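File shown: data36.txt (compact mmCIF, C-alpha atoms and all ligand atoms).
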```
# COMPACT_ATOMS: atom_id res chain seq x y z
CA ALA Y 210 -10.79 6.32 -99.43
CA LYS Y 211 -10.89 9.50 -97.32
CA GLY Y 212 -13.12 9.80 -94.26
CA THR Y 213 -12.89 12.65 -91.76
CA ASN Y 214 -11.24 16.08 -91.86
CA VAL Y 215 -9.24 16.25 -88.68
CA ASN Y 216 -7.88 19.80 -89.00
CA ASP Y 217 -9.21 20.54 -85.51
CA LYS Y 218 -7.02 17.76 -84.13
CA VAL Y 219 -4.07 19.32 -85.98
CA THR Y 220 -1.73 22.22 -85.22
CA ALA Y 221 1.07 23.23 -87.54
CA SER Y 222 4.05 25.35 -86.45
CA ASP Y 223 7.68 26.33 -87.16
CA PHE Y 224 6.48 27.65 -90.53
CA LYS Y 225 9.00 29.49 -92.70
CA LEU Y 226 9.37 30.42 -96.33
CA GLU Y 227 12.79 29.38 -97.60
CA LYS Y 228 12.82 32.85 -99.19
CA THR Y 229 10.40 35.74 -99.72
CA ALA Y 230 11.57 37.29 -103.04
CA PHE Y 231 12.47 35.77 -106.43
CA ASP Y 232 12.24 35.95 -110.24
CA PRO Y 233 9.96 33.17 -111.58
CA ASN Y 234 11.26 33.97 -115.07
CA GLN Y 235 14.67 32.58 -114.11
CA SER Y 236 13.36 29.46 -112.36
CA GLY Y 237 12.80 31.40 -109.17
CA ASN Y 238 10.64 29.70 -106.56
CA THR Y 239 10.57 28.94 -102.88
CA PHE Y 240 9.45 26.33 -100.37
CA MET Y 241 7.16 26.31 -97.43
CA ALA Y 242 8.30 24.07 -94.62
CA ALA Y 243 6.59 23.18 -91.36
CA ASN Y 244 6.07 20.75 -88.49
CA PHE Y 245 2.63 19.47 -87.50
CA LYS Y 246 1.12 17.72 -84.51
CA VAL Y 247 -1.95 15.63 -83.76
CA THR Y 248 -3.58 16.55 -80.47
CA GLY Y 249 -4.93 13.10 -79.80
CA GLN Y 250 -5.36 10.18 -82.15
CA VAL Y 251 -6.70 9.26 -85.59
CA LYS Y 252 -7.36 6.37 -88.01
CA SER Y 253 -6.83 5.31 -91.63
CA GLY Y 254 -8.94 7.71 -93.66
CA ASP Y 255 -8.77 10.85 -91.56
CA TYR Y 256 -6.93 13.77 -93.13
CA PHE Y 257 -5.96 17.39 -92.82
CA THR Y 258 -5.39 20.00 -95.52
CA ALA Y 259 -3.32 23.02 -96.58
CA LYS Y 260 -4.55 25.75 -98.93
CA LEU Y 261 -2.65 28.36 -100.92
CA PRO Y 262 -3.63 32.00 -101.57
CA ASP Y 263 -4.12 33.46 -105.01
CA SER Y 264 -0.45 34.46 -105.24
CA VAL Y 265 1.28 31.08 -105.21
CA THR Y 266 0.75 27.65 -106.73
CA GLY Y 267 2.13 24.23 -105.90
CA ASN Y 268 2.86 23.03 -109.43
CA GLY Y 269 4.31 26.12 -111.11
CA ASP Y 270 4.93 25.46 -114.77
CA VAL Y 271 4.15 21.74 -114.59
CA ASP Y 272 0.64 21.23 -116.08
CA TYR Y 273 -1.68 18.61 -114.63
CA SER Y 274 -4.83 19.64 -116.44
CA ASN Y 275 -4.58 16.44 -118.48
CA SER Y 276 -4.54 14.64 -115.14
CA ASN Y 277 -7.83 15.74 -113.55
CA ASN Y 278 -6.00 18.72 -112.06
CA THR Y 279 -4.54 16.30 -109.51
CA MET Y 280 -0.87 16.40 -108.53
CA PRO Y 281 0.61 13.35 -106.87
CA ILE Y 282 2.83 14.16 -103.94
CA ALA Y 283 5.54 11.90 -102.59
CA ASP Y 284 4.36 9.98 -99.55
CA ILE Y 285 4.77 11.06 -95.95
CA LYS Y 286 6.83 8.51 -94.01
CA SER Y 287 8.31 7.22 -90.77
CA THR Y 288 11.99 6.19 -90.52
CA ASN Y 289 11.46 2.55 -91.50
CA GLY Y 290 10.11 3.87 -94.81
CA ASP Y 291 6.59 3.17 -93.56
CA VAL Y 292 4.12 5.16 -95.64
CA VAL Y 293 2.32 7.13 -92.97
CA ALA Y 294 0.14 9.23 -95.24
CA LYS Y 295 -0.54 9.54 -98.93
CA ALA Y 296 -0.63 13.06 -100.36
CA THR Y 297 -1.80 14.96 -103.39
CA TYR Y 298 -2.68 18.51 -104.41
CA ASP Y 299 -5.52 20.01 -106.44
CA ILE Y 300 -4.37 22.48 -109.05
CA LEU Y 301 -7.78 24.11 -109.11
CA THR Y 302 -8.63 24.46 -105.43
CA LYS Y 303 -4.97 24.82 -104.48
CA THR Y 304 -5.63 22.21 -101.79
CA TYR Y 305 -3.07 19.75 -100.38
CA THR Y 306 -4.73 16.74 -98.80
CA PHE Y 307 -2.80 14.30 -96.64
CA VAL Y 308 -4.67 11.05 -96.01
CA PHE Y 309 -3.39 8.59 -93.40
CA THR Y 310 -2.99 4.87 -93.93
CA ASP Y 311 -2.78 1.52 -92.16
CA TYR Y 312 -0.08 3.13 -90.03
CA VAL Y 313 -1.99 5.41 -87.67
CA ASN Y 314 -4.13 2.64 -86.17
CA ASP Y 315 -2.23 2.23 -82.90
CA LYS Y 316 -0.36 5.42 -82.07
CA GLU Y 317 -0.84 8.89 -80.57
CA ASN Y 318 0.88 12.28 -80.29
CA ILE Y 319 1.94 12.04 -83.92
CA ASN Y 320 4.69 14.16 -85.44
CA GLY Y 321 5.82 14.56 -89.01
CA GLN Y 322 7.06 17.26 -91.38
CA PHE Y 323 6.92 18.41 -95.00
CA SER Y 324 8.70 20.76 -97.33
CA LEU Y 325 6.74 21.82 -100.30
CA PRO Y 326 7.80 23.72 -103.42
CA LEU Y 327 5.92 26.95 -104.05
CA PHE Y 328 5.84 28.75 -107.34
CA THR Y 329 4.30 31.94 -108.64
CA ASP Y 330 0.81 31.95 -110.12
CA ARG Y 331 1.30 33.57 -113.48
CA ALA Y 332 -2.36 34.42 -113.96
CA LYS Y 333 -3.02 35.45 -110.38
CA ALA Y 334 0.13 37.55 -110.01
CA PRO Y 335 0.94 38.76 -113.54
CA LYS Y 336 3.04 41.84 -112.76
CA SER Y 337 6.28 42.12 -110.80
CA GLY Y 338 5.43 42.89 -107.17
CA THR Y 339 4.80 42.03 -103.55
CA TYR Y 340 1.71 39.93 -102.78
CA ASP Y 341 0.02 38.58 -99.73
CA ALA Y 342 0.91 34.95 -99.37
CA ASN Y 343 -1.17 33.68 -96.46
CA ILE Y 344 -1.06 29.92 -96.32
CA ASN Y 345 -3.54 27.75 -94.47
CA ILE Y 346 -2.44 24.62 -92.65
CA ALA Y 347 -5.12 22.76 -90.64
CA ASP Y 348 -7.36 25.82 -90.31
CA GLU Y 349 -4.55 27.94 -88.89
CA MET Y 350 -3.45 30.88 -91.02
CA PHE Y 351 0.25 31.60 -91.57
CA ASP Y 352 0.77 35.02 -93.09
CA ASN Y 353 3.54 36.16 -95.47
CA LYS Y 354 4.36 38.31 -98.44
CA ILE Y 355 5.96 37.29 -101.70
CA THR Y 356 7.79 39.61 -104.05
CA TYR Y 357 8.00 38.62 -107.68
CA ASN Y 358 10.73 40.24 -109.71
CA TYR Y 359 9.92 39.06 -113.20
CA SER Y 360 12.67 39.54 -115.76
CA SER Y 361 10.78 41.92 -118.03
CA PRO Y 362 9.68 40.13 -121.21
CA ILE Y 363 10.15 43.52 -122.87
CA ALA Y 364 13.48 42.53 -124.42
CA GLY Y 365 15.30 43.01 -127.71
CA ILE Y 366 17.90 45.10 -129.52
CA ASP Y 367 18.45 48.66 -128.31
CA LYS Y 368 17.99 49.78 -131.90
CA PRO Y 369 14.79 51.74 -132.75
CA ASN Y 370 14.11 49.22 -135.51
CA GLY Y 371 15.49 46.31 -133.57
CA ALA Y 372 14.08 42.81 -133.63
CA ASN Y 373 12.65 41.99 -130.22
CA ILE Y 374 10.84 38.88 -129.02
CA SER Y 375 10.49 36.79 -125.85
CA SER Y 376 8.67 33.65 -124.78
CA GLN Y 377 8.12 31.26 -121.87
CA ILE Y 378 7.11 27.63 -121.42
CA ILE Y 379 4.38 28.04 -118.79
CA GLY Y 380 2.96 24.53 -118.61
CA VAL Y 381 4.43 21.06 -119.08
CA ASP Y 382 2.53 17.77 -118.85
CA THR Y 383 4.88 15.29 -117.15
CA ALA Y 384 2.24 13.06 -115.58
CA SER Y 385 -0.45 12.15 -118.08
CA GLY Y 386 1.90 10.62 -120.66
CA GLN Y 387 0.34 12.88 -123.29
CA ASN Y 388 3.60 14.85 -123.06
CA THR Y 389 2.14 18.26 -123.99
CA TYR Y 390 3.56 21.73 -123.32
CA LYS Y 391 2.20 25.30 -123.25
CA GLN Y 392 4.28 28.28 -124.33
CA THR Y 393 3.59 32.01 -124.63
CA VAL Y 394 5.68 33.86 -127.21
CA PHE Y 395 5.60 37.65 -127.39
CA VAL Y 396 6.45 39.14 -130.75
CA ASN Y 397 7.45 42.82 -130.75
CA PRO Y 398 7.09 43.42 -127.00
CA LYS Y 399 8.86 46.75 -127.72
CA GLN Y 400 6.09 47.68 -130.14
CA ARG Y 401 8.48 49.25 -132.61
CA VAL Y 402 8.06 49.98 -136.29
CA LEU Y 403 9.16 46.71 -137.86
CA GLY Y 404 9.60 45.79 -141.53
CA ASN Y 405 9.09 42.43 -143.24
CA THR Y 406 9.03 40.67 -139.87
CA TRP Y 407 9.78 36.95 -139.51
CA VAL Y 408 9.28 34.50 -136.61
CA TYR Y 409 10.53 30.97 -135.80
CA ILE Y 410 9.53 28.56 -133.05
CA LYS Y 411 12.05 25.78 -132.58
CA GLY Y 412 11.64 22.57 -130.61
CA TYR Y 413 15.29 22.91 -129.67
CA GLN Y 414 18.08 25.39 -129.24
CA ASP Y 415 21.41 24.87 -131.02
CA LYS Y 416 21.19 21.08 -131.03
CA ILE Y 417 18.27 18.98 -132.20
CA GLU Y 418 19.51 15.85 -130.51
CA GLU Y 419 19.58 17.73 -127.19
CA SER Y 420 15.87 18.42 -126.77
CA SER Y 421 12.76 16.26 -126.51
CA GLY Y 422 10.63 18.96 -128.12
CA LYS Y 423 8.86 18.30 -131.44
CA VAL Y 424 7.50 21.04 -133.69
CA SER Y 425 5.46 19.91 -136.68
CA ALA Y 426 2.10 20.74 -138.22
CA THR Y 427 0.80 17.61 -136.55
CA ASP Y 428 2.31 18.14 -133.07
CA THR Y 429 1.69 21.84 -132.85
CA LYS Y 430 -1.17 24.33 -132.68
CA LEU Y 431 -0.70 28.07 -132.83
CA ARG Y 432 -3.06 30.95 -132.04
CA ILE Y 433 -2.11 34.57 -132.75
CA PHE Y 434 -3.51 37.70 -131.09
CA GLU Y 435 -2.83 41.33 -131.90
CA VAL Y 436 -2.41 43.24 -128.60
CA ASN Y 437 -4.35 46.48 -128.03
CA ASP Y 438 -2.31 47.95 -125.20
CA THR Y 439 1.08 46.46 -124.54
CA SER Y 440 1.38 47.90 -121.06
CA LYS Y 441 -1.58 45.69 -120.10
CA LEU Y 442 0.53 42.63 -120.81
CA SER Y 443 1.75 40.34 -118.03
CA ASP Y 444 5.35 40.36 -116.79
CA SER Y 445 4.66 36.66 -116.04
CA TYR Y 446 4.10 35.47 -119.64
CA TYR Y 447 0.49 34.39 -118.91
CA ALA Y 448 -1.92 35.38 -121.65
CA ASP Y 449 -5.69 34.90 -121.32
CA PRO Y 450 -6.99 34.26 -124.84
CA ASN Y 451 -10.23 35.86 -123.64
CA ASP Y 452 -8.68 39.14 -122.62
CA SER Y 453 -10.44 41.85 -124.62
CA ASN Y 454 -6.97 43.34 -124.87
CA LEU Y 455 -6.13 40.49 -127.22
CA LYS Y 456 -7.73 39.95 -130.64
CA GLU Y 457 -7.24 36.45 -132.02
CA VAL Y 458 -6.25 36.79 -135.66
CA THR Y 459 -5.29 33.16 -136.32
CA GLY Y 460 -7.35 33.45 -139.49
CA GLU Y 461 -4.95 35.92 -141.07
CA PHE Y 462 -2.15 33.37 -141.17
CA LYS Y 463 -3.44 30.36 -143.09
CA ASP Y 464 -0.67 30.89 -145.60
CA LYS Y 465 2.07 32.41 -143.49
CA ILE Y 466 2.95 29.43 -141.31
CA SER Y 467 5.41 26.70 -142.31
CA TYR Y 468 6.52 23.44 -140.71
CA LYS Y 469 8.90 22.78 -143.60
CA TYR Y 470 12.18 22.81 -141.77
CA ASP Y 471 12.87 20.35 -138.96
CA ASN Y 472 11.53 20.96 -135.49
CA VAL Y 473 10.59 24.49 -136.50
CA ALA Y 474 7.65 26.70 -137.38
CA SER Y 475 7.71 30.05 -139.16
CA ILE Y 476 5.14 32.88 -139.16
CA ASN Y 477 5.27 35.73 -141.69
CA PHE Y 478 4.24 38.79 -139.66
CA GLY Y 479 5.00 41.15 -142.56
CA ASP Y 480 4.84 44.89 -141.86
CA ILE Y 481 3.82 45.27 -138.19
CA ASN Y 482 3.82 48.12 -135.64
CA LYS Y 483 2.57 46.58 -132.42
CA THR Y 484 2.91 43.54 -130.19
CA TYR Y 485 1.42 40.10 -130.96
CA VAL Y 486 0.95 37.05 -128.75
CA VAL Y 487 1.46 33.43 -129.85
CA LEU Y 488 -0.04 30.55 -127.88
CA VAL Y 489 1.78 27.31 -128.47
CA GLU Y 490 0.36 23.94 -127.72
CA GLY Y 491 2.95 21.40 -128.64
CA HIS Y 492 4.41 18.07 -127.60
CA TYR Y 493 7.79 16.53 -126.73
CA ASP Y 494 9.06 12.95 -127.10
CA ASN Y 495 9.83 10.17 -124.63
CA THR Y 496 13.60 10.53 -125.10
CA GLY Y 497 13.80 11.82 -121.54
CA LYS Y 498 15.94 14.58 -122.96
CA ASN Y 499 15.13 17.90 -121.40
CA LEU Y 500 12.72 20.15 -123.18
CA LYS Y 501 14.69 23.10 -124.49
CA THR Y 502 13.49 25.66 -127.00
CA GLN Y 503 14.25 28.85 -128.79
CA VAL Y 504 12.26 31.44 -130.73
CA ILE Y 505 13.80 34.01 -133.12
CA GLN Y 506 12.59 37.07 -134.98
CA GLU Y 507 14.25 38.99 -137.80
CA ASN Y 508 13.11 42.19 -139.52
CA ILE Y 509 14.24 44.09 -142.61
CA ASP Y 510 13.02 47.50 -143.88
CA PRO Y 511 11.71 50.00 -142.41
CA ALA Y 512 11.70 53.25 -144.38
CA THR Y 513 15.31 52.48 -145.35
CA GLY Y 514 15.28 48.91 -146.69
CA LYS Y 515 18.62 48.17 -145.02
CA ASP Y 516 19.73 47.99 -141.36
CA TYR Y 517 18.34 44.45 -141.06
CA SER Y 518 18.49 42.77 -137.60
CA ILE Y 519 17.76 39.67 -135.48
CA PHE Y 520 17.12 38.66 -131.88
CA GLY Y 521 16.68 35.22 -130.31
CA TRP Y 522 15.38 33.74 -127.07
CA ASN Y 523 15.77 30.48 -125.11
CA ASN Y 524 13.62 28.46 -122.76
CA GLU Y 525 13.91 25.47 -120.56
CA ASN Y 526 12.33 24.70 -117.17
CA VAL Y 527 13.46 23.04 -113.94
CA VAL Y 528 11.82 20.40 -111.74
CA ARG Y 529 11.65 20.57 -107.95
CA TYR Y 530 10.40 18.11 -105.29
CA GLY Y 531 8.58 18.28 -101.96
CA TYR H 8 21.79 38.62 -130.34
CA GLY H 9 19.39 37.04 -127.90
CA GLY H 10 18.31 36.49 -124.30
CA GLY H 11 16.41 33.91 -122.30
CA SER H 12 14.20 32.84 -119.46
CA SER H 13 13.63 29.59 -117.63
CA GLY H 14 10.66 28.29 -115.64
CA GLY H 15 9.95 25.83 -112.88
CA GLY H 16 7.35 23.49 -111.40
CA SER H 17 6.82 20.32 -109.37
CA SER H 18 6.74 16.78 -110.82
CA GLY H 19 4.88 15.75 -107.68
CA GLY H 20 7.76 13.63 -106.43
CA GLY H 21 7.47 11.58 -109.60
MG MG B 601 8.94 20.20 -138.92
```
How does this structure look as structure tokens?
Ligand SMILES: [Mg+2]
Amino acid sequence: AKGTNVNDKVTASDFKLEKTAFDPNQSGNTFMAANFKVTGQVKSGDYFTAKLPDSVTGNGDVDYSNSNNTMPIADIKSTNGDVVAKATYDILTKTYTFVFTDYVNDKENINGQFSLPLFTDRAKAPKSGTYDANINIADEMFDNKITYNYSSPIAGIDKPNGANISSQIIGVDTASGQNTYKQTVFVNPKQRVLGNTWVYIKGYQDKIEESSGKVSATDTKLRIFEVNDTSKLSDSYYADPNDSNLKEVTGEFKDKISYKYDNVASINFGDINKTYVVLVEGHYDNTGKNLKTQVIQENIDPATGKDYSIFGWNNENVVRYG
Amino acid sequence: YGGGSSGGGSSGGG
């Protein structure tokens, strides 16, 4: 159910952001907290909402797209554990909706409170910086600013011919049961001159038995895009496959990708001199083991045939609650 | 040789 929108009966207050600056590339995030109050009375079905600007999201790197873009949210209660309201959040509209239950039918001057995780929006806010973060609760605007200090994905050896590669897991499907994940790898973020270049996507880090991840030809799809202008790349790891700045070249790799070795995939980039982006759609198992991963690149050559090198990179994500 | 990054998100209480 869900009847009336009682925003006008509702007035939030005591709003604070746990903190106003963080690095979302090291599991940075914050929380919005607040008290609310119901001038008057209501009934099962009424509801109020909260809405988030472009800058933040309410699900961060947990994907819900395979769940009708709907994020369950732990119930709102009284002290006897009585479920006062049921809550959820729409990934698309960035709308929290709290819908009362069989509890409100006999009370007035109602008071509750929430605390809700807030994460960056990697598409909306793709470059380190300060953004307007005006949050709406029950038609009242609460204004803030968020600074994102992304750990530059431009990372690798300090050598002119040094292997350099980074990557992030930017969406994980915990809810649907499909157990999918989305990961952006950047190969040659430094856009150096690189010889016989090799890449590896692992479903684990040092220990297989320590990660749920699974990387096989059957569990894993890969799309590769030559970048036009590296500077135009996101600090956030988001990559829009439809950016003109990216040219999908997945068709140049039919015979350069191997799922031979366990929980790994290898691409043969060859002789390259600019950045490439790899979209990973993969899956992890029901082991409950955390999803940990690592990508590595090595290059030989270039114009010497010696001074070979290698650089690696690790991912895992963290879960918060509201 | 290597580095790293980690991410974060909400399970939705579940
Ligand atoms: Mg394999």
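Proximity to residue 13 of chain H at 8 Å, evaluated using only C-alpha atoms and with sequence-adjacent residues fewer than 6 positions away removed, yields residues 233, 234, 235, 236, 377, 378, 523, 524, 525, 526 and 527 of chain Y.
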At most 8 Å to chain H: residues in chain Y, only C-alpha atoms, as a PDB file with C-alpha atoms, keeping the file's coordinate frame:
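part-v3.pdb was written with the following content:
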```pdb
ATOM      1  CA  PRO Y 233       9.960  33.170-111.580  1.00  0.00           C
ATOM      2  CA  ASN Y 234      11.260  33.970-115.070  1.00  0.00           C
ATOM      3  CA  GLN Y 235      14.670  32.580-114.110  1.00  0.00           C
ATOM      4  CA  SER Y 236      13.360  29.460-112.360  1.00  0.00           C
ATOM      5  CA  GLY Y 237      12.800  31.400-109.170  1.00  0.00           C
ATOM      6  CA  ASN Y 238      10.640  29.700-106.560  1.00  0.00           C
ATOM      7  CA  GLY Y 267       2.130  24.230-105.900  1.00  0.00           C
ATOM      8  CA  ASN Y 268       2.860  23.030-109.430  1.00  0.00           C
ATOM      9  CA  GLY Y 269       4.310  26.120-111.110  1.00  0.00           C
ATOM     10  CA  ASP Y 270       4.930  25.460-114.770  1.00  0.00           C
ATOM     11  CA  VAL Y 271       4.150  21.740-114.590  1.00  0.00           C
ATOM     12  CA  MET Y 280      -0.870  16.400-108.530  1.00  0.00           C
ATOM     13  CA  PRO Y 281       0.610  13.350-106.870  1.00  0.00           C
ATOM     14  CA  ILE Y 282       2.830  14.160-103.940  1.00  0.00           C
ATOM     15  CA  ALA Y 283       5.540  11.900-102.590  1.00  0.00           C
ATOM     16  CA  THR Y 297      -1.800  14.960-103.390  1.00  0.00           C
ATOM     17  CA  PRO Y 326       7.800  23.720-103.420  1.00  0.00           C
ATOM     18  CA  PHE Y 328       5.840  28.750-107.340  1.00  0.00           C
ATOM     19  CA  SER Y 360      12.670  39.540-115.760  1.00  0.00           C
ATOM     20  CA  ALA Y 364      13.480  42.530-124.420  1.00  0.00           C
ATOM     21  CA  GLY Y 365      15.300  43.010-127.710  1.00  0.00           C
ATOM     22  CA  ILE Y 366      17.900  45.100-129.520  1.00  0.00           C
ATOM     23  CA  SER Y 375      10.490  36.790-125.850  1.00  0.00           C
ATOM     24  CA  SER Y 376       8.670  33.650-124.780  1.00  0.00           C
ATOM     25  CA  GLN Y 377       8.120  31.260-121.870  1.00  0.00           C
ATOM     26  CA  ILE Y 378       7.110  27.630-121.420  1.00  0.00           C
ATOM     27  CA  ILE Y 379       4.380  28.040-118.790  1.00  0.00           C
ATOM     28  CA  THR Y 383       4.880  15.290-117.150  1.00  0.00           C
ATOM     29  CA  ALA Y 384       2.240  13.060-115.580  1.00  0.00           C
ATOM     30  CA  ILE Y 519      17.760  39.670-135.480  1.00  0.00           C
ATOM     31  CA  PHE Y 520      17.120  38.660-131.880  1.00  0.00           C
ATOM     32  CA  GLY Y 521      16.680  35.220-130.310  1.00  0.00           C
ATOM     33  CA  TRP Y 522      15.380  33.740-127.070  1.00  0.00           C
ATOM     34  CA  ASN Y 523      15.770  30.480-125.110  1.00  0.00           C
ATOM     35  CA  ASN Y 524      13.620  28.460-122.760  1.00  0.00           C
ATOM     36  CA  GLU Y 525      13.910  25.470-120.560  1.00  0.00           C
ATOM     37  CA  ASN Y 526      12.330  24.700-117.170  1.00  0.00           C
ATOM     38  CA  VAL Y 527      13.460  23.040-113.940  1.00  0.00           C
ATOM     39  CA  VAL Y 528      11.820  20.400-111.740  1.00  0.00           C
ATOM     40  CA  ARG Y 529      11.650  20.570-107.950  1.00  0.00           C
ATOM     41  CA  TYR Y 530      10.400  18.110-105.290  1.00  0.00           C
ATOM     42  CA  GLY Y 531       8.580  18.280-101.960  1.00  0.00           C
TER      43      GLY Y 531
END
```
message: Any residue with an atom at most 10 Å from ligand MG 601 (chain B) counts, using all atoms listed in the file. Which are they? Put them as a ChimeraX atom specification.
response: /Y:411-412,423-429,467-475
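For the atom pair formed by atom CA of residue 286 of chain Y and atom CA of residue 260 of chain Y, the distance is 21.2 Å, given to one decimal.
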Within 7 Å of residue 330 of chain Y using all atoms listed in the file, minus same-chain residues under 6 positions, as a VMD selection string: chain Y and resid 264 to 266 269
message: For a test of reading the model, state the distance in Å between atom CA of residue 306 of chain Y and atom CA of residue 449 of chain Y, rounded to one decimal.
response: 28.9 Å
- prompt: Hey, can you check how far atom CA of residue 272 of chain Y sits from atom CA of residue 447 of chain Y?
  reply: 13.5 Å
- request: Considering only C-alpha atoms, return as a VMD selection string whatever protein or nucleic-acid residues lie within 7 Å of residue 295 of chain Y, sequence-local ones (same chain, fewer than 4 positions apart) excluded.
  value: chain Y and resid 284 to 285 307 to 309
Would you save the residues from that selection as a JSON list (two decimals), keeping the file's coordinate frame, using C-alpha atoms?
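Contents of selection.json, freshly written:
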```json
[["chain", "number", "residue", "atom", "x", "y", "z"],
["Y", 284, "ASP", "CA", 4.36, 9.98, -99.55],
["Y", 285, "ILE", "CA", 4.77, 11.06, -95.95],
["Y", 307, "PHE", "CA", -2.80, 14.30, -96.64],
["Y", 308, "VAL", "CA", -4.67, 11.05, -96.01],
["Y", 309, "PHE", "CA", -3.39, 8.59, -93.40]]
```
- prompt: Contacts of residue 517 of chain Y at 9 Å or less, counting all atoms listed in the file, minus same-chain residues fewer than 2 places along, as a ChimeraX atom specification?
  reply: /Y:370-372,404,507-511,514-515,519
Selection near residue 406 of chain Y, 8 Å with all atoms listed in the file, sequence-local residues under 3 positions removed, as a compact mmCIF listing (two decimals) with C-alpha atoms, in the frame of the given file:
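Output file selection.txt follows:
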```
# COMPACT_ATOMS: atom_id res chain seq x y z
CA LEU Y 403 9.16 46.71 -137.86
CA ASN Y 477 5.27 35.73 -141.69
CA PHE Y 478 4.24 38.79 -139.66
CA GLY Y 479 5.00 41.15 -142.56
CA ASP Y 480 4.84 44.89 -141.86
CA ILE Y 481 3.82 45.27 -138.19
CA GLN Y 506 12.59 37.07 -134.98
CA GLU Y 507 14.25 38.99 -137.80
CA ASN Y 508 13.11 42.19 -139.52
CA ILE Y 509 14.24 44.09 -142.61
```
Residue among Y:417, Y:350, Y:436, Y:500 lying closest to residue 397 of chain Y, counting all atoms listed in the file: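 The answer is Y:436, which sits nearest to residue 397 of chain Y.
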- request: Pull the neighbourhood of (4.2, 37.7, -95.7) for me: all residues within 7 Å in file coordinates, counting only C-alpha atoms, as a ChimeraX atom specification.
  value: /Y:341-343,352-355
For those residues, write C-alpha atoms to a file as a PDB file, in the coordinates of the input.
```
ATOM      1  CA  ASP Y 341       0.020  38.580 -99.730  1.00  0.00           C
ATOM      2  CA  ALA Y 342       0.910  34.950 -99.370  1.00  0.00           C
ATOM      3  CA  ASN Y 343      -1.170  33.680 -96.460  1.00  0.00           C
ATOM      4  CA  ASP Y 352       0.770  35.020 -93.090  1.00  0.00           C
ATOM      5  CA  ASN Y 353       3.540  36.160 -95.470  1.00  0.00           C
ATOM      6  CA  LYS Y 354       4.360  38.310 -98.440  1.00  0.00           C
ATOM      7  CA  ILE Y 355       5.960  37.290-101.700  1.00  0.00           C
TER       8      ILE Y 355
END
```
- request: Dump as a ChimeraX atom specification all residues having an atom at most 12 Å from (-4.3, 17.7, -115.7), computed in the file's coordinates with only C-alpha atoms.
  value: /Y:268,271-281,298-301,380-390
